[PDB]
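J.: Below are the structure tokens for one structure; questions will follow.
Neighbour counts are summed over all protein chains in view; Cβ atoms, including those assigned to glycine, are modelled from backbone coordinates with ideal geometry. Rule-based calculations on the coordinates, nothing more; no lab input.
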RNA sequence: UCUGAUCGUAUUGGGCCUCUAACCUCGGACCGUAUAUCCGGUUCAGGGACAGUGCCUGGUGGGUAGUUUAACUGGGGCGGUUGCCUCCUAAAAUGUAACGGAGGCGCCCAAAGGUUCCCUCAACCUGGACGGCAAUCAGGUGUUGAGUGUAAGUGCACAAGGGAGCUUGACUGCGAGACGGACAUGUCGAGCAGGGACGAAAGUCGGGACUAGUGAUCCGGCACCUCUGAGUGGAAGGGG
RNA sequence: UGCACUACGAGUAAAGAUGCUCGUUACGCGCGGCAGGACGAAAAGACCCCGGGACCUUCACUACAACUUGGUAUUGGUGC
RNA sequence: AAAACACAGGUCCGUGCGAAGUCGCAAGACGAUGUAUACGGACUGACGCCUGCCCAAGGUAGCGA
RNA sequence: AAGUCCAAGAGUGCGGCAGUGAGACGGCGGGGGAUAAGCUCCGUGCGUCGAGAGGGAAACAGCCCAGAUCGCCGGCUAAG
RNA sequence: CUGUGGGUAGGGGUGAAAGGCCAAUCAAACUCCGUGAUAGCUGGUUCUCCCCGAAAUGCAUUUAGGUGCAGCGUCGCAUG
RNA sequence: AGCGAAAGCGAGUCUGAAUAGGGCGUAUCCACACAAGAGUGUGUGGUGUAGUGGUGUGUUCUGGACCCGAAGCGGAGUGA
RNA sequence: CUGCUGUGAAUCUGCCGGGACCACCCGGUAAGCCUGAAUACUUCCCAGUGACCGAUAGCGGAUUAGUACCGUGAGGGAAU
RNA sequence: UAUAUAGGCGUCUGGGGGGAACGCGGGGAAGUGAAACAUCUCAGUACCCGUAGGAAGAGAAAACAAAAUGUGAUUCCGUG
């Protein structure tokens, strides 16, 4: 058999050119009014996943 | 809503640039304020909706 | 026999984050406070919520002036 | 065809009355047939383009089926809570439970925001028409006891409190470095550029003295973009 | 039916001790009886709670059977 | 093993007759070789007793035992 | 600044593998209770049991001394 | 009342109605199959020595006797 | 060979008006400069970066997946 | 690409497909047939094999074996 | 009843049932997973019906492809 790869994570996390796992920040989709532009800029981008859930995410991505 | 989210758009490029809450009782009319329009790269008078 | 009370709020971790004679980088928070328990002196600035932060690399110092405790950043000399 | 009533002829739907050839009758009589209340066939008698059946469609429907019907909890139920903010508990860093003690929040303000400038209350004493204990006015005493939109606390008389002029920074593109932190969240931020406000300049302005006023992802809506476009040009859809 | 040459009082102990502590009492082995203990045997408590199930009720949700309403095919002619 | 079910009696409802109803996807079957004095459903459950002035419009009209 | 530094078998970071997430009691500071509970909920670079024998406390996980590598028919000693 | 012979079969039958009976069972019979159903639950999990050595906490949870992450163990690697 | 949603570019690319700051990547190291000591950076040079295919071991994935254990669900047949 | 219900075309300047659709190009020429080989499986038979079992194992069945026996029946089903 | 047909009579040729798997066509579950559950998965599996063959089915472009001077029925393997 073949090891299936989790879709919900294969389409939510990425892999950089060295191995880091990055993710997009939440709380930025709707209700964007009353969120000061400072907060919105903070929430924009792609941050590396915390080492705590790094292993879980790695298992989910690799299968 | 008494204080609904209204969107303000520049008059020159007609880009909906800003959004904020305004009162419909204290000011029952479309306000006009000057804000910064990134497209025009300059300040342009902005009006509701 | 219900109880009307029972509510509380979260842990706003206030308090001094850098104490006397501590070497700091620019921008670091020195105290997270509510109100003006401390004031700024030299090289110390006030943030949005009455936070105090450094404005230059240095060493923290706590003093007083005109009757109000103030926080200052004495510039350490390069050895 | 442009601004345009009525036209002549041909194509059609509905309502109503009928007819018979579709179709129907467990109404009759004959034949297969020697037996047959089956069935089929012939014919007569009644209905009749209805009814019934096919596809489509809106209602009624525990008649039947698959399921759901939270947790805390000094056993369980009943009652009462469930998120966020402030105080005490909380043992002078942070933090810390209980169905422990008190309360607030699900906003409001186009000015109650930005900036420049100026001012100092509450209370008390003495005098004054209505007007008094308390309104407005005069003098004095008055360093915080008034007020600070909204809970409590931390602060505010250097005023963050009270007035006025002008303004929209309740910006755009960012952000060294930090706090808090299981993670996701959450807060602070000097400073750089563009274009503005106020001010003579220096300077302050990325919402309100601070801390509550909020809800992940998914899915989809609405505007713009040097994106993409299933042979090709487009468009549909997708993407930012 | 874990064992065994299986006492009693007062205690201690997962808080009701044949089995531990300190004292008391008791020669070894049987037979016939009583039923106070061995938390006796019996039945992985039927009570109560938790999880799963079943069946039942209904103006819980969602479906379907069935019923009923219309379009159309079967389906036609003549008159207004 | 009864106070429960049943029961003869009563009152409603459906049914005009390959009825209504039920079994069956249908054909068909029972109802019935019956026909509203019958069939099916539903409650109740022999038998007797239960009360007057208003009550093309008379009025509070609920008996008031 | 020194200090143990042939070690605390330390700290930090990252990886493989976990278990745990039902705690009890004792001393202090406290809430609930009646300032009762062998009660309940908290803090304690506080302890022990948990997962720990040995000696003392008559017996007696949590109290006092003391942390069991094995042998010895030796001494010294802790609490008592 | 009873003999003999037949009929009604499971979400079905039969019931002068008890949820009664339908082959010693019935709030949906029996057997075989799907099937090694599933069970956050209980039990079980077999030889030895050496070294190290926990937790019963925080947060979140259709969650509280489960689980994820962190804390606390071990092993390898890096700094020291 | 990476960056970016993508077109696209590429030891760089995305963002953005901007080598103005950042984001990710340019393995690594050591020497020289030029800078401020905002944590250090910017350019020169030198060494040249190491994956992959067998197999052992530990966890894990899809199958029942360490073993036993329900009540009950469904299909087809057996029974008056 | 297909099944049911309505409606309903042209014969090459025709008709379909190229992932809604439109034009140009490109490929085919529906509503008519048949066609081996490469491929799946062992009731049965023949010749062998085994880092397979060896009488509680290996088939339920090394011996009466689907036997005795259990059940009304489907069906379950041994020991030597 | 008239043509005629249904039907009747005779005679000839075939089918009927069984078989372990595999083939083709058609109906088609639920337990379970989702930590509940309805879409969904289980799974077009189980089971059933029809129907054969030594194999079956599909098969000779109203095909793919993308401007490549393209490949040229079907089938089944391995990648993708």
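J.: Classify the protein assembly as shown as rounded, prolate or oblate, taking a ≥ b ≥ c as the square roots of the eigenvalues of its Cα gyration tensor: rounded when a/c is under 1.5, otherwise prolate if a/b is larger than b/c and oblate if not.
T.: Judged from the Cα gyration tensor, the protein assembly as shown comes out oblate (a/c at least 1.5, b/c at or above a/b).
J.: Relative contact order of chain B: what whole-number percent is it, with Cα pairs under 8 angstrom and at least 6 residues apart?
T.: Relative contact order of chain B: 41 percent.
J.: Give the separation of the Cα centroids, segment A:32-56 to segment B:5-19, in Å.
T.: The two parts, judged by their Cα centres, are 27 Å apart.
J.: Under a crude label model (7 Å from the Cα following the beta-carbon direction), how far is residue A:4 from residue B:34 in nanometres?
T.: Label-label distance for residue A:4 and residue B:34, simple model: 6.2 nm.
J.: While we're looking at this one, here's another question. Using a Förster radius of 22 Å, what is the FRET efficiency between residue A:39 and residue C:50 based on their Cβ-Cβ separation? Nearest 0.05, please.
T.: About 0.70, to the nearest 0.05.
J.: Follow-up question, since we're still on this one. Quick check: pseudo-label points 7 Å beyond the Cα along Cα→Cβ at residue A:12 and residue B:49, how many nm apart are they?
T.: 3.9 nm
J.: Below 8 Å, C-alpha to C-alpha, sequence gap of six or more: please give me the relative contact order for chain C in percent.
T.: Reported as a whole number, the value is 27 percent.
J.: Hey, another quick one. Can you classify chain A as rounded, prolate or oblate using the Cα gyration tensor, where a ≥ b ≥ c are the square roots of its eigenvalues, rounded means a/c under 1.5, and otherwise it's prolate if a/b beats b/c and oblate if not?
T.: prolate
J.: Tell me the Kirkwood radius of chain C: reciprocal of the mean inverse pair distance over distinct alpha-carbon atoms, in Å.
T.: 13.8 Å
J.: Expressed as an acute angle from 0 to 90° and rounded to the nearest 10, what is the orientation of the C-alpha long axis of helix A:51-62 relative to the principal long axis of chain A?
T.: On a 0 to 90 degree scale, this one is about 50.
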